[PDB]
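First chain written, first letter: the chains are A, B, C, D, E, F and G, and each begins at residue 1.
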Amino acid sequence: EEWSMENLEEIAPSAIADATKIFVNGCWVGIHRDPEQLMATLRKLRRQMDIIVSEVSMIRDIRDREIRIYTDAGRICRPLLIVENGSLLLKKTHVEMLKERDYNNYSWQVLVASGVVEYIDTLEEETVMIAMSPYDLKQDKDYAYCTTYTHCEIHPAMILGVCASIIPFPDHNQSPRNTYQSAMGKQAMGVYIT
Amino acid sequence: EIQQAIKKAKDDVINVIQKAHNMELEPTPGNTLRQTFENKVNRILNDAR
Amino acid sequence: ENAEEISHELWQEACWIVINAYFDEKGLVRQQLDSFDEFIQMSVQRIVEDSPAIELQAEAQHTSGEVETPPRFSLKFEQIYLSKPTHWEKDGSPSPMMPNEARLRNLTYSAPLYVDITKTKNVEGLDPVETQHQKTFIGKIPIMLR
Amino acid sequence: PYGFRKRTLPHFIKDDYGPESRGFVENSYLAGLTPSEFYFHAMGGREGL
Amino acid sequence: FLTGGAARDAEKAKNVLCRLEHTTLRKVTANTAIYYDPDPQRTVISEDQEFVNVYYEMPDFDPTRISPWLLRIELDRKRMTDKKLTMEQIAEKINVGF
Amino acid sequence: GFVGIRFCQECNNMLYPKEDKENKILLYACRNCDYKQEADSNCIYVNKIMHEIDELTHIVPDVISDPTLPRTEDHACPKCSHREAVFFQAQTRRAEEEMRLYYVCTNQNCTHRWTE
Amino acid sequence: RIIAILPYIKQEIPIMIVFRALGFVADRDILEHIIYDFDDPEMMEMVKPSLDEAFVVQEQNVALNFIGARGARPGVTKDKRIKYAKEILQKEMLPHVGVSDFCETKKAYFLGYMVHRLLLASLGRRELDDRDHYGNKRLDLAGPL
């Protein structure tokens, strides 16, 4: 409300058809007439942890002219690297900083607070483009599948669980066999605790 | 030979998508355009396999 | 500026270093501990702050000489203090409850909860007086480990 | 099916009917599956159970 | 199953298909509209004006007694062709249904 | 032609069609009120079974800033001759039976929407 | 035709009586609350039968008496039912947008948005929601439980 937003109680009902509605936790609060610049400002505010924490999900429904902001509990998120202008925001400098958190102090929270990793939830995934690998970013534009990437997977093997990630080469097996091993990994025998 | 056959089948299904987008795919009687397109794609991929 | 770009084998090493950092900080059961800490602090404070106050009025309608202005009481709960998990024995001596002591003795790994109570005594025609009952024990809440 | 808005997975593009986004697995079990087609094969194998 | 010339010719089998399939007014027309028409011989639609005076030149009823409200139904030509229907059948069906 | 609806100028209610026979005129009149006015057009209910959507008007020109949408660099803009365009299929109920592409010019000053 | 199913009311209520019960007697104001663009033909065609059905009710207290007569354990002599109708329209209809006083404008905005979404999905301009789409799901952990 301090940035540029017009509240619902202070507008005429005939001035809504051009603007973009804003929903905060499912409550319609008002409208805004520059949704792309506001969405970029909100992403910049979330990536610095200034006002908005990294937990908050923000969605820009482009074709329906909506902005939905969700802050409640129960939402499930995945960390993803940030891609802008066809390049990763993670550099070799951050890898050396992680080698010196293996020495001292550049923890994962500092990495998220630096603005290179965002928590994208399962509702924001409909509005973002996720690269499978950095190999997809370097393709020439003559045969490029996409040129506007917004995120990149850290590793695809993180889509598995706990009992399913003990399987050696699960991409060479049939899927019900992987399900059977995830069922039988809980029934194995070993040193359960020290 | 197997990889070349799979690549040729993928080029065939890309050409089928292109002719469907260019309004050149005549639907068969008894089913609509989506059903005809899905039948052609499934037939191409199953024949390739 | 291209020296900062991560090469391919450096990308596999770098991404597994990033995953190692994530699992070094967060761990594997972070959602349980985070939800419990949120529950304890904010949920218990919001329950004891959003609960309606007790409103009272005496009704001595079965006896003669009934006063037209009966005395009234009000009770308010405002603050929550949570201690460490502590066990009181049969003689009443407190002791720190270890999780292994709770497992071996079939006890409940719980911590007592204390609440501040404000009791306002009001008489029609007199100034109401406030009484503070601090650290009032109301029950033990179980504590999730780690 | 398009579980997302006109996308099977967020790594593909909207309104993609090509065989990679549709779910055709061009790799054998010896070669190993790409992650998108691994997830597609997981959805395919769940239906039998 | 079919017998005779319907069994071997696709046109008579299509005639059997048209005689069996439920074809309402939903499946055959383009659009509907309701007009107010004060003068039937001077109707607001100019494209109707070429032939409506043909129908009222030798009318079976008094044009003064009729109501001014008009229901204009434009039909799709391709759906008429596919169902092999004609307008005299539609007029006869209207006259026996109402 | 297609006609909209009209509102009263005295109580902002629903104006209904009505007919007078002394002048033999259609009038848009008010039932909760006493207002009446002359009708400019002559239709009162137009229904179209297969209805020709101008879905080029229905698609929002804000979709050029969509990373999830495809891009092409061969179909030039018919208005401003921009090479880059964004193509997608329709979202309606009749147009998934057509396999028809829809193109939006990616220029922020032009935003032309067309179909090839 | 469009109806509304209310908490603690076993009957079916048209939405126009509900909108008049929130303090909007005119039709242009309610169609402003639902149809954001007046240039759209088909949504104006779709909003007609609710307007035609709820023509008898034209005043706010008449709408509140319409609401209160259909609730469980109905009151007597109108006005208490009207009071009961307020207890449905302030504490039961949409508590997430507000339960305080003078919140009928935002509640009318949200109800018009719901009717706008229903009419958008009737004309096929937006996709239908999916039950098993996991974006529409939340996980109750140890905290909320």
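Following the convention adopted for this analysis, a contact is a pair of C-beta atoms (placed from the backbone, for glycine too) under 8 Å apart; a residue touches a chain by one contact, two chains touch by 3 or more.
Of all chains, E has its CA centroid at the greatest distance from the CA centroid of chain A.
When the C-beta pairs in contact are tallied for F-G and for A-D, the bigger tally goes to A-D. Note on chain placement: the centre of chain D and the centre of chain G lie 42 Å apart, centres being C-alpha means.
If each chain is reduced to the centroid of its CA atoms, chain D and chain F end up 37 Å from each other. As a whole-number value, the distance joining the C-alpha centres of chain E and chain F reads 29 Å.
Contacts with at least two other chains are made by residues 37 of chain B. Residues of chain G found to touch two or more other chains are 29, 38, 126-127, 141, 143-144. Shared contact sites, meaning residues of chain F that touch two or more other chains, fall at 47, 51, 68, 70, 91.
Across the interface of their complex, chain F is touched by residues 26, 29-38, 44, 68, 76 of chain E. The part of chain G that touches chain F in the complex is made up of residues 26-29, 38, 41-42, 44-45, 48, 51, 55, 58, 123-127.
Those residues of chain G that touch chain A in the complex are listed here as 29, 32-33, 36-38, 96-97, 105-106, 109-110, 113, 126, 134-135, 137-141, 143-144. Against chain A, in their complex, chain D makes its touches with residues 4-5, 7, 10-11, 13, 29-30, 32-36, 38-39, 41-42, 44-46, 48-49.
Against chain B, the residues of chain D that register as touching in their complex are 17-19, 22, 24, 26.
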